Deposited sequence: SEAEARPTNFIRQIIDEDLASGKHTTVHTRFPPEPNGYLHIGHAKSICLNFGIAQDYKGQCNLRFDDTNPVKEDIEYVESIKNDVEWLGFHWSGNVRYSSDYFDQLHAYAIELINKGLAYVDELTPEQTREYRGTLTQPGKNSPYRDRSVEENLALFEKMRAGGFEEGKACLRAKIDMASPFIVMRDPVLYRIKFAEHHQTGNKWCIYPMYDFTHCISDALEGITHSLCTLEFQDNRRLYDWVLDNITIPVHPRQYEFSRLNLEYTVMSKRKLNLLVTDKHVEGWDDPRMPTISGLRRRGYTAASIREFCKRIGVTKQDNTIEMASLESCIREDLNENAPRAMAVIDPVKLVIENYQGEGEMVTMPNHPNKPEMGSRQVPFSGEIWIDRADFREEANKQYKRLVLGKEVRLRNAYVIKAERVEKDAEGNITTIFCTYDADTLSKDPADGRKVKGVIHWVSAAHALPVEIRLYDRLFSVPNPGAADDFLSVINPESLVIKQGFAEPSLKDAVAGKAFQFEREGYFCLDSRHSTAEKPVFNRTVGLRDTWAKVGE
């Protein structure tokens, strides 16, 4: 339970409400991100918990920043997380004629006027954070005059910025938001829903409260920056004929260590091609997380974990990463692949190669078993062999034995070096009556596989607070490798996390994999210690 639910409980009990109706309202100007997921889980979660409704409403009030691509991707991610909205998808643009009708009521009551101060001037008259503002010389036009000027606006008679509609509140109010907040501005831009029907568009504050009222939203939940704004919310609803008055409650937004959430910024990474696109696996976007191999259930857990408070905060990746590991550890069928490979032959081995039965899950027999080809000329990961080591090192030293995964206890004997002091191959003896551990892959039966080792995108924890977040990108956010994996991975499906034993949970990258050359994104590493 959190503060928002205690409020809802009181509301139900006191008989203030009988049903709860929330909404998630993203603007379609970018893909959704892990931050949005916190709001989604909150809004849609309360609905199903209290057997209530939650609308998906696209706040599409600014046509020059939104695109249809986003509305489709947004609907996509919402479902993927496992949530369904109430009834049909809604749009603020759905209320354009209603909004305009309400602007007129405001005008008719003298609570709004068409101002003509330029954009620079409007800023000047607004005062500062310590100095009150001042009434525009156009502030006292007659209702009749305002009706005329507004229709001129509506009818495209004014250039952009040459006139706008404003609420007539208080230029000296300590709330900067109540100093005659603009209600309509001219934009001769094709809207993705209403095409060119409109050339004057409503501002967020005017649109949002009226839309919540019309939809019968019982609790408008959004982030902390809107606490001041709440005053305008109520002011609008108090001066127009509407029969309900939704209440807004604010909770703090999610900040994740090492990542930027600002869609402006995420947009820069994409536009400047510093990442593949919105769903690149290093992005904090829901679709990127998906491609990265996270699971809708792991994200819901994350939300469940971070809580909901008024407290500003920054979660460490350790918490996110914890969630996906827990999920995958339980449901991921284990398999084997070698990322950095150095050849290892067993001379002692006689035969064209046998077959070893390995479990799909070392702790869950229920998940079945499989037939993995063993051999003499195998593949091993470089860092597993040590020509020289100490008691700690529990892998393959040039003097002792090491158990192969689910196979034979081999024994290191004779190395062979590459001219440049490197190791070309390892020769070891095997003990036919054997069946630390190390993973392997029969050279003869090995499947060529690309591996994409992903790390955090930024090299500082709050790249946001940097003078130039771009200059603080991690150059090792993605490190590609060519390795080998057992042939069963021949049947991996896009997004189906496997646990490459002793490395990390990996998943087939849709975007890149092909027939011969599959591509595996490393979702998250294993607890290395």
| property | result |
| --- | --- |
| Deposited-sequence ranges lacking C-alpha coordinates, in sequence order | 1-7, 443-453, 548-553 |
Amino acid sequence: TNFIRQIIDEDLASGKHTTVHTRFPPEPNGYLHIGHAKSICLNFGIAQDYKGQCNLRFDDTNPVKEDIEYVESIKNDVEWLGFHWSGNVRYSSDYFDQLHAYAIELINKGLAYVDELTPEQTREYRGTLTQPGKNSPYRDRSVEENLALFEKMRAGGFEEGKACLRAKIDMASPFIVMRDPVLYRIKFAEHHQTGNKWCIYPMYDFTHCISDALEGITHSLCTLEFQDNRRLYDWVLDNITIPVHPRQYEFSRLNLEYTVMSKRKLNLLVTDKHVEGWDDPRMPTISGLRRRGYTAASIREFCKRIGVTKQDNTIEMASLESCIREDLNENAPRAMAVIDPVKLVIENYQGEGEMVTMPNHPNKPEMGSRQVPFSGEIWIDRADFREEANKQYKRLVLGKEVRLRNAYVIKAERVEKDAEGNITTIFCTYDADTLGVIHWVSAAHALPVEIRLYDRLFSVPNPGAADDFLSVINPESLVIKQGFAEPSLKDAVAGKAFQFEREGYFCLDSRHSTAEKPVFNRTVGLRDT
From here on, numbers count along this sequence of modelled residues.
query: Between the two ranges 181-189 and 397-405, the one averaging a larger CA B factor in the entry; finding: 397-405
query: Higher-B stretch (mean Cα B-factor, as the entry records it), 415-423 or 272-280; finding: 415-423
query: Selection by C-alpha B-factor (highest) of 298, 392, 135, 211; finding: 392
query: Residue, from 310, 292, 154, 364, that the PDB entry assigns the highest Cα B-factor; finding: 364
query: Cα B factor band for residue 38 (lowest, middle or highest third within the chain); finding: lowest
query: Chain third (lowest, middle, highest) by recorded CA B-factor, residue given as residue 195; finding: middle
query: Among modelled residues of the same chain, the CA temperature factor third for residue 476; finding: middle
query: Where the record places residue 44 (Cα B-factor, split into thirds across the chain); finding: lowest
query: B-factor third for the C-alpha atom of residue 341 within its chain; finding: highest
